[PDB]
Ligand code: BEF
Ligand SMILES: [Mg+2]
């Protein structure tokens, strides 16, 4: 989902902006890695030759089996306008963008780069003691404020504003408090890489009039940089952008020189367990985790009763489950969290359970259920309890002079998909408030 | 004598396979043949009686054959205090480790030829019935 999200955002950008975005080799090196392997192979083939190759020649390279992959590769490459298709002499010739070609050539052959990757001050600092602690603390503060646990040093107005203006962290002044949503829980369920990418993408969409190309220059150059080394300070917009990025725990400033941190390298590519937990038939949870973030997120749907240094023990209750559901969290997401943080003991016992099931009846390959089905049934039943009462807003139509007219109006409502209930014997029906105006207009006409 | 006859026939007679016991046989009875247990009426929230009733089928004769799993059914009406009492009477089994599975529907129920109280007419008749539920010589003279 990482590459998919980044590629989708880059695809939505206009071609005019993309052409200027491909000016710096630093951005090109990052964009190149996101494409599918076949697209990367074709791009590498095309970069080093200053000629035009027909699309049929590219098709010849792919075997019959990878013919499907060829379609996805070409579609993705054409969506970003990376390959410009020119038709002449009866042949659909394919060529690479000149700016992208020159940028890749400079990056690979060490040509002129205009210090897009930056310079080195040769004044190194202790990464483990300062960079790691700083970024870990700041990311922990933002995630703590997201999960809602009390915290002294609240995040800055920049990130707070981004959070509110985004779908994440719905807030209301009338209530005077901030609460997590379904997308918030999904964000917390996503990995560190995707967790950073989500916030960065929201910032990219939020920024208005600071150039869009400049923001990507800075982000991709930051991904290019390596942790544990100095980098002298750049664009005028990039100065304030760097100060803002310091608020996300990505780059550390003394108070003239900025230093990338572990998350800066985490942005480019990826890279007993902490968080693994045991769920008992008594609706008890024992998570072998020592982290306030994990404790707070567990508190969303667990009625915590106590804690130890090595683990956290809690009990599942209707109140906690209803709290989590009211926050918009889906039972599927909850079970996904539990399954991906299942203990090795639970996984081994579930593997033995599946082995016993298949040994008893190997004809049917039953699904692997890590946790007892009763908990899943109870959670889904509580969701059904919340969904028991169903209500709609609208108006009721009755007192129809003619059955033909009644049927005409009801059928029109059904056709436009705003009909919720009808009764021919009573010649009555109900329509949604959304379709009320359309039904009234049709009745008048 | 009659209850012993019932038990002996339910045990050794091929014709009979199901019986309807009550609170009398809740505890301290050995039934090596009993395998399936069903509860339609329960004595309120009694957690001890829950376990004692379950104890009857824990000594089934064919309790060691591969793939065997005894069954314990608890019928409860939803949206009633029967659910309150049912959830209160299983807090000891849950503590021991037994987990109850909620069965919303039994597949293939409609294909049975005849079902008791299947007609609304019989439903109305049963409704009314259940509602209506609530001198030695003078010795010859006499
Ligand atoms: F007498 Be036993 F506990 F059935
Ligand atoms: Mg005894």
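A short reminder: the numbers here are calculations on the coordinates, not readings from a lab. Counting neighbours? That spans all protein chains shown, and the Cβs are built from the backbone with ideal geometry, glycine included.
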Among (1) within 15 Å of ligand 1 (Cβ to nearest atom); (2) part of a loop (DSSP other than H, G, I, E, B) - the single one residue B:37 does not satisfy: (2)
Tally, over region A:162-186, of residues that are over 18 Å from residue A:250 (Cα atoms) and assigned to a helix (DSSP H, G or I): 7
Residues of region A:55-72 classified as in a loop (DSSP other than H, G, I, E, B) and surrounded by 11 or more Cβ atoms within 10 Å (Cβ to Cβ), total: 2
Subset of region A:102-131 that is assigned to a helix (DSSP H, G or I) and in contact with a helix residue (DSSP H, G or I) (Cβ under 6 Å, 6 or more places away or on another chain) - its residue that is surrounded by the most Cβ atoms within 10 Å (Cβ to Cβ): A:103
Flag if residue A:325 is under 30 Å from residue A:168 (Cα atoms) and surrounded by fewer than 16 Cβ atoms within 10 Å (Cβ to Cβ): no
Within region B:39-53, tally of residues that are over 12 Å from the mean Cα position of the chain (by Cα) and within 16 Å of ligand 2 (Cβ to nearest atom): 4
Contacts under 7 angstrom Cβ, first residue in region A:280-295 being within 14 Å of chain B (Cβ to nearest Cβ), partner in a loop (DSSP other than H, G, I, E, B), 6 or more apart: A:281/A:372; A:281/B:97; A:281/B:99; A:283/A:316
Yes/no for residue A:308 being over 28 Å from the mean Cα position of the chain (by Cα), away from chain B (no Cβ under 14 Å) and either more than 30 Å from residue A:426 (Cα to Cα) or exposed (fewer than 13 other Cβ atoms within 10 Å of the Cβ) (or both): yes
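Of all the residues that make up region A:73-93, how many are in a strand (DSSP E or B) and within 33 Å of the chain's Cα centre (by Cα)?
Residues of region A:73-93 that are in a strand (DSSP E or B), as a first pass: A:83-88, A:91-93.
Keeping just the survivors that are within 33 Å of the chain's Cα centre (by Cα) gives A:83-85.
Residues in region A:73-93 being in a strand (DSSP E or B) and within 33 Å of the chain's Cα centre (by Cα): 3 in total.
So if I check each of A:293, A:267, A:263, which one is closer than 28 Å to residue A:378 by Cα and either within 24 Å of the chain's Cα centre (by Cα) or surrounded by fewer than 17 Cβ atoms within 10 Å (Cβ to Cβ) (or both)?
Numbers: A:267 fails: closer than 28 Å to residue A:378 by Cα; A:263 fails: closer than 28 Å to residue A:378 by Cα.
Being closer than 28 Å to residue A:378 by Cα and either within 24 Å of the chain's Cα centre (by Cα) or surrounded by fewer than 17 Cβ atoms within 10 Å (Cβ to Cβ) (or both) holds for just one of A:293, A:267, A:263, which is A:293.
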Qualifying residue in region B:85-106 (condition: under 21 Å from residue A:382 (Cβ atoms), away from chain A (no Cβ under 14 Å) and part of a loop (DSSP other than H, G, I, E, B)): yes
Residue selected from region B:26-38 under the condition crowded, with 16+ Cβ neighbours inside 10 Å and either under 19 Å from residue B:89 (Cβ atoms) or within 14 Å of ligand 2 (Cβ to nearest atom) (or both), by the criterion farthest from the other protein chains (Cβ to nearest Cβ): B:31
Residues located in region B:7-34, provided they are more than 14 Å from ligand 1 (Cβ to nearest atom) and either under 24 Å from residue B:74 (Cα atoms) or touching a strand residue (DSSP E or B) at 6+ places or on another chain (Cβ under 6 Å) (or both): B:7, B:10, B:11, B:16, B:17, B:18, B:19, B:20, B:22, B:23, B:33
Residue B:56, sole failed condition from (1) within 16 Å of ligand 2 (Cβ to nearest atom); (2) more than 18 Å from residue A:281 (Cα to Cα); (3) out of contact with any strand residue (DSSP E or B) (no Cβ under 9 Å at 6 or more places or on another chain): (3)
Qualifying residues in region B:74-103 (those that are surrounded by fewer than 10 Cβ atoms within 10 Å (Cβ to Cβ) and closer than 16 Å to residue A:375 by Cβ) - the one nearest to the chain's Cα centre (by Cα): B:101
Candidate set: region B:40-76, residues that are in a loop (DSSP other than H, G, I, E, B) and in contact with a helix residue (DSSP H, G or I) (Cβ under 6 Å, 6 or more places away or on another chain); chosen: the one nearest to the other protein chains (Cβ to nearest Cβ): B:67
Residue ranges of strands (runs of 3 or more DSSP E) in region A:248-340 with at least 3 members within 29 Å of residue A:33 (Cβ to Cβ): A:251-253, A:257-260
Looking only at region B:9-25, and only at residues there that are within 23 Å of residue B:69 (Cα to Cα) and surrounded by 11 or more Cβ atoms within 10 Å (Cβ to Cβ), the one that is farthest from ligand 2 (Cβ to nearest atom): B:16
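Of the residues that make up region A:387-394, is at least one part of a loop (DSSP other than H, G, I, E, B), out of contact with any helix residue (DSSP H, G or I) (no Cβ under 7 Å at 6 or more places or on another chain) and over 30 Å from residue B:79 (Cα atoms)? So that I can check it myself, show each step before the final result.
Applying the first criterion (part of a loop (DSSP other than H, G, I, E, B)) to region A:387-394 yields A:387-393.
This time we only want the ones that are out of contact with any helix residue (DSSP H, G or I) (no Cβ under 7 Å at 6 or more places or on another chain), so: A:387-392.
Among the residues that remain, those that are also over 30 Å from residue B:79 (Cα atoms) are: none.
No, there is no match, as no residue in region A:387-394 is part of a loop (DSSP other than H, G, I, E, B), out of contact with any helix residue (DSSP H, G or I) (no Cβ under 7 Å at 6 or more places or on another chain) and over 30 Å from residue B:79 (Cα atoms).
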Filtered residue count, region A:363-372, keeping only those that are exposed (fewer than 11 other Cβ atoms within 10 Å of the Cβ) and either within 13 Å of chain B (Cβ to nearest Cβ) or under 29 Å from the mean Cα position of the chain (by Cα) (or both): 1
